[PDB]
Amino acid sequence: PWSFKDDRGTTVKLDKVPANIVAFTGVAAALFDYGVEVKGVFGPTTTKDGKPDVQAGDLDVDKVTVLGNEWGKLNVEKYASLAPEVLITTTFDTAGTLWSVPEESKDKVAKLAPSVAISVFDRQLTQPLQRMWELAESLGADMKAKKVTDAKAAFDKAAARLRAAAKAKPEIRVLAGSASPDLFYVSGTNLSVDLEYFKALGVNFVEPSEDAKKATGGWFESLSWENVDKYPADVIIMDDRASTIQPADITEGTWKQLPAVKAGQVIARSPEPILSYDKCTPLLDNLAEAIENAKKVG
């Protein structure tokens, strides 16, 4: 028998370990790094060139059945066809809302299999990493596999590296942004698993006021493109997801004139980390590297 109590406090119990798992693409990507296969995914999975999306990690995107290829899309008839035994996703709120399960069909989806949510709300990254590790082991992973303990050691090494970098370079101000056509969004550290952890390790973030973030309940501040120079920043970390405009493609003149952009001090941020140590290690290394080499320019 298999049992797991998720971050909504609900305990799913099945008579056997589920063989037919369906997961949000980023959760399937994490389980893949622990050698747990899924049968179906939903979420940003492939790009228009047919390549794996960043949230698909190392998943074999040809083998799995893609039920939806963007956030909030999940075809229920095709989901039923997988004979699903559990659905697994993340959750970003107090309510335990299942991330990316279409609101208009979530009840239909829930009829066909129990769900497991891993919370990525209002906590540090190490939390959901260890919760996802426990889930993967319950599903048949070997958590004492050298691939996995090496991964955890590499993550701990990269976390010490970011702590050291932030101690060496306390003057380097990091801005977390996400680009869309109407607005550039500046995140605060509070509420995000990655940013809360990077902050705990000593990174100096630009922090919009709580007043400036209240239109999103404290997640981020919306700025017009002409006002992206509001906060002086030395390193900018930009949202990497499918729905957002990547830094190479931002054509707006105010952006191109940013001290950080002119200095080449822009890297990716993954606001939806794939919850494996393997895939979170680069998030620490990349930010450490940027801080280690950054010039104060903002």
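Residue numbers run from 1 along the displayed sequence.
- Looking at 218 to 226 and 98 to 106 together, the entry lists the larger mean B-factor for 218 to 226, computed on C-alpha atoms.
- 267 to 275 and 34 to 42 differ in mean CA B-factor, and the higher of the two is recorded for 34 to 42.
- Within the selection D53, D60, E252, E70, the deposited Cα B-factor values reach their highest point at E252.
- Going by the entry's values, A136 shows the largest Cα B-factor out of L112, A176, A136, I118.
- In the deposited entry, the Cα temperature factor of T89 sits in the bottom third of values across the chain's modelled residues.
- Among the modelled residues of its chain, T65 has a C-alpha B-factor that falls in the lowest third according to the deposited record.
- Among the modelled residues of its chain, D240 has a C-alpha B-factor that falls in the lowest third according to the deposited record.
- Ranked by Cα temperature factor within the chain, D142 sits in the highest third according to the deposited record.
- Sort the chain's modelled residues by C-alpha temperature factor and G202 lands in the middle third, per the entry.
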